[PDB]
Number of protein chains: 4
Amino acid sequence: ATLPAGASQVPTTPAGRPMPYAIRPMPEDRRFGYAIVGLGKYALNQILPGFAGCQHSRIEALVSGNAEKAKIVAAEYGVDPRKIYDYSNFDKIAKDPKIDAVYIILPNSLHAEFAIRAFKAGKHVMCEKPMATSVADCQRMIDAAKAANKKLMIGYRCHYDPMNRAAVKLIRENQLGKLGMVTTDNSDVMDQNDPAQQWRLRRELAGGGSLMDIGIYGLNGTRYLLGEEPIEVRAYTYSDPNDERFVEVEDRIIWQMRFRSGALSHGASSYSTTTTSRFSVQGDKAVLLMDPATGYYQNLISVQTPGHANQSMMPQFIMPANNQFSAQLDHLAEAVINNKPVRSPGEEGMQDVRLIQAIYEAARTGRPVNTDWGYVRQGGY
Amino acid sequence: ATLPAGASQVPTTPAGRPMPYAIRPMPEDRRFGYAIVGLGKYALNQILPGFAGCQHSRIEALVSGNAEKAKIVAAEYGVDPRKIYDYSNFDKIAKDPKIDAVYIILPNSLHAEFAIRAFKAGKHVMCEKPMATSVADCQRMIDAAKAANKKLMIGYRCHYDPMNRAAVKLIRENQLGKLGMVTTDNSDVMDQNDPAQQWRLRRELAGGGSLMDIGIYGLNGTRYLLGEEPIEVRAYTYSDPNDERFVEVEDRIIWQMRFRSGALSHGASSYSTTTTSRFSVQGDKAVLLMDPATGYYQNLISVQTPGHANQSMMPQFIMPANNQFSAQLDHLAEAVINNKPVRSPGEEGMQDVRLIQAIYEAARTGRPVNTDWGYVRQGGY
Amino acid sequence: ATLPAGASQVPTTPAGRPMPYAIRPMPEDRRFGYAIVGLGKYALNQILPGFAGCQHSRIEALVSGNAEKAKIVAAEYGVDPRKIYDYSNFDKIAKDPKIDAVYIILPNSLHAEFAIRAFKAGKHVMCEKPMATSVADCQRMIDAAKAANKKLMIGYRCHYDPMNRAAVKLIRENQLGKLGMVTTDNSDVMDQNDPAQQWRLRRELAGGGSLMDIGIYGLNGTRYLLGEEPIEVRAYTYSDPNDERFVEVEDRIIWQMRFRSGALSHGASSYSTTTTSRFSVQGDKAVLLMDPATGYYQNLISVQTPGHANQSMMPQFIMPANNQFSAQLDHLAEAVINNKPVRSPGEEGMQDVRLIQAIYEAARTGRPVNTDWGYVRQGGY
Amino acid sequence: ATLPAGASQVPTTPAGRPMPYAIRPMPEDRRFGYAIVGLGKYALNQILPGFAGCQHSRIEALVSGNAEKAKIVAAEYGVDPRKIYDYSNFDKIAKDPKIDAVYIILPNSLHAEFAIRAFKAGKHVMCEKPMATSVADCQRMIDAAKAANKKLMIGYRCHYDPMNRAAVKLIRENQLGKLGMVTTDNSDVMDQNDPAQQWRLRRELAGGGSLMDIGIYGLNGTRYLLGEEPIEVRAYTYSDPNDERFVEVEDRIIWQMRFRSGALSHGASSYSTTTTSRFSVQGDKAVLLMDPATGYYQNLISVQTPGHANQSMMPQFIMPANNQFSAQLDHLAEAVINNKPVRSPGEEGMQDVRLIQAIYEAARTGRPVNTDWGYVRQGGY
Ligand SMILES: NC(=O)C1=CN([C@@H]2O[C@H](COP(=O)(O)OP(=O)(O)OC[C@H]3O[C@@H](n4cnc5c(N)ncnc54)[C@H](OP(=O)(O)O)[C@@H]3O)[C@@H](O)[C@H]2O)C=CC1
Ligand SMILES: NC(=O)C1=CN([C@@H]2O[C@H](COP(=O)(O)OP(=O)(O)OC[C@H]3O[C@@H](n4cnc5c(N)ncnc54)[C@H](OP(=O)(O)O)[C@@H]3O)[C@@H](O)[C@H]2O)C=CC1
Ligand SMILES: NC(=O)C1=CN([C@@H]2O[C@H](COP(=O)(O)OP(=O)(O)OC[C@H]3O[C@@H](n4cnc5c(N)ncnc54)[C@H](OP(=O)(O)O)[C@@H]3O)[C@@H](O)[C@H]2O)C=CC1
Ligand SMILES: NC(=O)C1=CN([C@@H]2O[C@H](COP(=O)(O)OP(=O)(O)OC[C@H]3O[C@@H](n4cnc5c(N)ncnc54)[C@H](OP(=O)(O)O)[C@@H]3O)[C@@H](O)[C@H]2O)C=CC1
């Protein structure tokens, strides 16, 4: 019959009010400083814009071999033009104490190099995936991290994507029952004219074909969805011999893996078919379909049983968790601040490279490769 | 300003009217008489009920080893108690001209026998899939068919399924661009307490495990979707050794194939996980998702591109085409009446048995098996 | 390590087996004989074919004003040519004990007549909706029913529809929280060239336009979803004056209702737009979307909350419940046999006719019409 | 056989490269300066964070009556603490030539006030919806805009949301055929304890209930989807008399409108049921379903016909157009820069308020209100 206290007490006159309700991740500070190395497609389309959403990170400086671009980029994000390094004086960042970490967004073959030069610079490292083009180079990056007593983090965004985490969460709850068969697919049409794609066609720079580039999402995903490691691996690859895009690196490759629990999986990556990011986890109770499974946006998951399809996706008005990009950046910032192990350490990034090598080996020999090497996911998936 | 002639002409008193518009297949004739062999799960749940929707077929007789069950089923479908046969006096159907064909729905290893006896009895044959448990037996059936000058059709219900034909049509019309990667998955939890599943647990009666039973859908489907034959296959199978269900047949099995066009495929079948029937066909212009892919009901397909998902399924009020069960049944009928070849001939059933053989061989030896033997799909896919 | 007793016991030679597991409603008996009246669109497309799936019903006779059509239909459904009646000798069915009930599928204005003659002939009645074209006529039918001591059931197929019952069940179980707003829409393009639509264009034969024909679904559905009766209605209708289809009946009409609980609803029906059958039920905890809501096939419902869409539809392999056509038919049958009241009695059909009357009145006067007349749903919704 | 020129020419050594391909809206500058007035829920959750994505806008200063908050906010977005005004010295912004415009994000009753004081300050105006609490106050805002020769823009984000524009685009293409029936629903549970909701419960501050707050999306949407104005209106409202939340403003209200083309529509807004944002446009060719229809994120649209559902939504990896928030902000910036009329001028915002008044009037009197007042959408919908 009567308005509650608060309503009637609101002044019909201009008056300040308390802080509003938060339905979205609010900014909190920018204490952690980042130095972005490699201003390419991913860096300028996804990572740089992804800072605005961070709660504890900022872009302190840039590192590029194209002075002009690095200039324009500096302006857009207001980075001090004096904090613009190149690949030869990159080490001079050790002087600046405001540059807490470095984000390596360079070709796969250059990752390690700048990670080590970074650690010797006493800075923390955030390296893109795949880690490096060799298991040995991954180990070195890890060795250089422990020496400088710094943290090494691999850019596994899917480890910071709400829907992916929701997927892991529901699976741990045993919503699918006993796990028995995982299926994954990751694809996109390779455009040789794309500046970012040219280095990907060189085995020396990329380290391999579609598997190293996107099939790793299937590999990595199969691992955290099932929450365990493969003990065995089998694989096959094929590329049109008349396609100049696959002279050095593979187009399509298919791998089958077995897990300790007894679960199986089959997946593939492709450079010659359109966008595909689909993961399927089959249990004896229900089946999970993630599609889109690893998109930058619009992921969608569904738990199906005869007669039902329970879909989950980002809300339309509220935002229960920060986006993967911002969440990934702040994660390292957090890790350091609160002195804690990062969820995606150098070891994790090395596991995938080591597994990928085993897979390329299996496809070359047509024989299965034993991958039961006691790796342990510290901190869980 | 005035009603059309059709409206104003309708009398306002009880009056005869013309034949109505058909928004669904109408019954036409019951010229083709069938003798059903084996009153089991598929027969009583799907085929017998499937007869009602037929436009040229009827159930004329029954053949069962359970007189009690046969008596009950005959009464339910208006079958004359005098036309109930057992497996001993089966051959006597040769004396009844009202029996035009037989439909074998017996376990796998019993197929060839009855197909042959049926042909010796001067009848056409509809045999359930998988055709037989040996390539040789498939050929013997094809031989008996040719010696009797009768038709041999294999129960590939998906070859008469409205949504599957629609998927084949948009592919042939190049809606997906060039085809490069196909993924299939077919699973369902095997229940050893189900009378129907008991013979499936026996290698001698079944001819194999999940591949023979349901993996065949991913295989056959991959073939009719791509519109070409595999020239090579690789595979690996695994089953929990402590599970009483898989002592003789396999639970999970995965296979990879390469086609003359260069396309690749990877699929699996499972006897230990929940209901999955999902086909994916990746083209360089679009991706096709069939899910459910091979259901008895509610099939749904979708053509995806960045930003779009065009779905197709059976309408909610109209029924443009007959269901797969009824259509399959009328297909043999029409073939005989029109003196035309069947779309699912014994040769088609044999190609699958032959391929499954290659797949089992490959999983056994851990090596790729060449399947470039020149099978040619007579009449398109 | 060893197969279960059930598996090892299966003989390897042709042998009789037990009755299989049912993943779908099996035929049981054909005790209840029906006489179908009016071999038109609904009858030949939906009802006659709907008999096959029945578990207690059968077609015993036909009543048509087109001897030619009746002869053809009788042959298609095994009906004895001797049991074909016309509208003149209809009353003679009273002499046949094999005729237990009649199913009136004649245009609206002819319903009451035949329902009454059927009752005078000592038969039960299944009458299509909308019940009649006047409240009085509905009561006369109810009176004839009570005088004959027979049952009167109205063809509300959605009251026996698996997905609609599921929607009613999750609502009753408070899955949507408190109910506050319901939206309905029912449309389809009226084609004056369709023999079936010709009488629908005539006010005298139809009793009204899209509201009487299909608007009734949104109305009836709003009532069974909310589980309560409207106490007040408002409405407005409009039809293009130059369209020959709407000279006598309305094309588009919209209505609003308020219920005792306080809930509100707003829906419409259209004779000029494409296929729409969508029901929305807004609760304070969740929102339910039925779309298609009242299809002959492929119904789908979804319970939405920020970040989720839990879908439910008929399974792809199993059939937990019989279809609405067959179930409706068996419902009257079982009621007679079990000496139990029907769920869709003449009173239910009358409540709708009465409400539609109020709605037309409201649109005519532009004022709200009070409908708080105390109808009570006997047997729940 | 050989890698194309570009691939082989990429240096295996650290080397700068040209600007990458743009798959996402890139930043371009921040020439247009904004002064945000009213730091509430919407301002801090949606508008402030929405600047990072802009290509021509920045946050030059803030205006608040809560010094402390306005401080913290300044820090987070790096706004010069000297450019922090209050509601009494707000006019002092006229001094600063770097403050090109003002974004009024205050209670509905305060909109006009600050718009006029803004225009006299020689600045451009971006006012939130609904425009004001009276047609007269809207006219004054327009008069004050022409005097200062500045631009007036209403915050109709949906006029800058990709999916909404895609929806308008497909409809103009006649993909739905002749338009005949639009249905809309907009709801969310009102929380009286929410600081932002308290003023919304006061008729003096809000100007009305759910209609003024969110039902306006249905009203506005119905207009640009059909691309025309209503000539007539009818409406009804009801709220639980024992609910202290609706003593002064309405909870649920339902309106029906007719359009010149002959199209009809029914819609409603609610403060007592969960999130609902669903628009339906029915044509005689197809039907469009927008659901979510006006979300901040995850909108989804579908074009349905018997057997088809063509869905469209934001891509998962690319981003063809900037988000509604950023797009809205830059729109004004554009309008000014290129000297052009804004798509959402004060007149448009006044049309909705004028229509809403007509609707409240219709519900009060229970009679239809003629709204055929020759309004014209300059620039189209
Ligand atoms: N997490 C994920 O979602 C994704 C991660 N990535 C990873 O990010 C890294 C970069 O990928 P992407 O941005 O697509 O690639 P681009 O080719 O767009 O960027 C590579 C950048 O590296 C720098 N660079 C230095 N020397 C070399 C060299 N020898 N050849 C080529 N570039 C060089 C350049 O910076 P400059 O011109 O400024 O000097 C160049 O712009 C890869 O490791 C990739 O796997 C990429 C996409 C997605
Ligand atoms: N196209 C498709 O969708 C499907 C095809 N099928 C195929 O249908 C066939 C039968 O499968 P299903 O109906 O599930 O099996 P069931 O075991 O339920 O039925 C087989 C019937 O065969 C007869 N029979 C004769 N000798 C034997 C024997 N020694 N062991 C078991 N049965 C025997 C029995 O009939 P009676 O008691 O009358 O004598 C039995 O009921 C298989 O080849 C299977 O692959 C099955 C399901 C789906
Ligand atoms: N539950 C639901 O889903 C549906 C219910 N219905 C209802 O079924 C009833 C019939 O509809 P529908 O089948 O579409 O209509 P049709 O006009 O196609 O069939 C009506 C039948 O009534 C007989 N008839 C007798 N006198 C007349 C007369 N003067 N004018 C027209 N028909 C007459 C004819 O049968 P004959 O030629 O054999 O003598 C005619 O075929 C209606 O009450 C309708 O509301 C319809 C569709 C769906
Ligand atoms: N386009 C859209 O999507 C949306 C638009 N809006 C519109 O934005 C406007 C504000 O909505 P919203 O942010 O939800 O509301 P909040 O109550 O969260 O914000 C109102 C802000 O107005 C200022 N204010 C000044 N005096 C008053 C007063 N008398 N009472 C209340 N606040 C006052 C305060 O700023 P301070 O405390 O800093 O002094 C307050 O924080 C409304 O017109 C609303 O319709 C809102 C949501 C969605």
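The chains referred to below are lettered A, B, ... by the order of the sequence lines, with proteins before strands, and numbering in each begins at 1. What you see below is based on every heavy atom in this structure, not just the backbone, and it leaves out hydrogens, waters and symmetry mates.
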A.B. asks: Listed by residue number, which members of residues 354-365 of chain A have a heavy atom under 4.5 Å from any heavy atom of chain B?
C.D. replies: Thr365(A)

A.B. asks: Would you indicate whether the side-chain heavy atoms of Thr183(A) and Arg278(B) approach each other to under 4.5 Å?
C.D. replies: no

A.B. asks: Quick one: what part of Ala286(B) sits under 4.5 Å from any heavy atom of chain A, side chain, backbone, both or neither?
C.D. replies: backbone

A.B. asks: At a heavy-atom distance under 4.5 Å, which candidate from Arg367(A), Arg258(A), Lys285(A), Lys178(A) has the highest pair count against chain B?
C.D. replies: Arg258(A)

A.B. asks: Among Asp185(B), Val287(B), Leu179(B), which residue has the highest count of heavy-atom pairs closer than 4.5 Å to chain A?
C.D. replies: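 Highest number of pairs under 4.5 Å: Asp185(B).
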
A.B. asks: May I ask you to list the residues in residues 249-257 of chain A that approach chain B closer than 4.5 angstrom, counting heavy atoms only, ordered by number?
C.D. replies: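 At a heavy-atom separation under 4.5 Å, chain B is reached by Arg252(A), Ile254(A), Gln256(A).
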
A.B. asks: List the steps, then state whether side-chain contact (heavy atoms from CB on, under 4.5 Å) holds for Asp291(B) with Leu289(A).
C.D. replies: CA-CA 11 Å; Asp291(B) 190 16; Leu289(A) 176 66; 3.8 Å; yes

A.B. asks: If you look at every heavy atom in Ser270(A) and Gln282(B), which pair is closest and at what distance?
C.D. replies: CB-OE1, 4.3 Å

A.B. asks: Of the listed residues (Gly283(A), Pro292(A), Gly177(A)), which shares the most heavy-atom pairs with chain B below a 4.5 Å separation?
C.D. replies: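 Ranked by heavy-atom pairs under 4.5 Å with chain B, first place is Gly283(A).
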
A.B. asks: Once rounded to the nearest 0.5 Å, what's the spacing between atom CG of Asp284(B) and atom OG1 of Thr273(A)?
C.D. replies: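 The OG1 atom of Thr273(A) is 8.0 Å from CG of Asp284(B), to the nearest 0.5 Å.
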
A.B. asks: Non-hydrogen atoms of chain A under 4.5 Å away: do they reach the side chain of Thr184(B), the backbone, both or neither?
C.D. replies: backbone

A.B. asks: Would you mind checking which part of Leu176(B) comes under 4.5 Å of any heavy atom in chain A, side chain (CB onward), backbone (N, CA, C, O), both or neither?
C.D. replies: neither

A.B. asks: Show your working on side-chain contact (heavy atoms from CB on, under 4.5 Å) between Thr276(A) and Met181(B) and close with a plain yes or no.
C.D. replies: CA-CA 10 Å; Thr276(A) 295; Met181(B) 184 64 78; over 6 Å; no

A.B. asks: Name the member of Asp240(B), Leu264(B), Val189(B), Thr275(B) that forms the most heavy-atom pairs with chain A at distances under 4.5 Å.
C.D. replies: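 Looking at each of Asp240(B), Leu264(B), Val189(B), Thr275(B) in turn, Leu264(B) comes out on top.
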
A.B. asks: Strictly by salt bridge (charged side-chain N to carboxylate O under 4.0 Å, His left out), give each pair with a member in residues 259-270 of chain A just once, sequence neighbours left out.
C.D. replies: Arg260(A)-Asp372(A)

A.B. asks: Quick one: which residues of residues 225-239 of chain A reach chain B at under 4.5 angstrom, heavy atoms only?
C.D. replies: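 Heavy-atom contacts from residues 225-239 of chain A to chain B are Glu232(A), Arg234(A), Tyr236(A), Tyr238(A).
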
A.B. asks: Given a strict heavy-atom distance threshold of 4.5 Å, which part of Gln298(A) is in contact with chain B: side chain, backbone, both, or neither?
C.D. replies: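 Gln298(A) has no heavy atom closer than 4.5 Å to chain B.
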
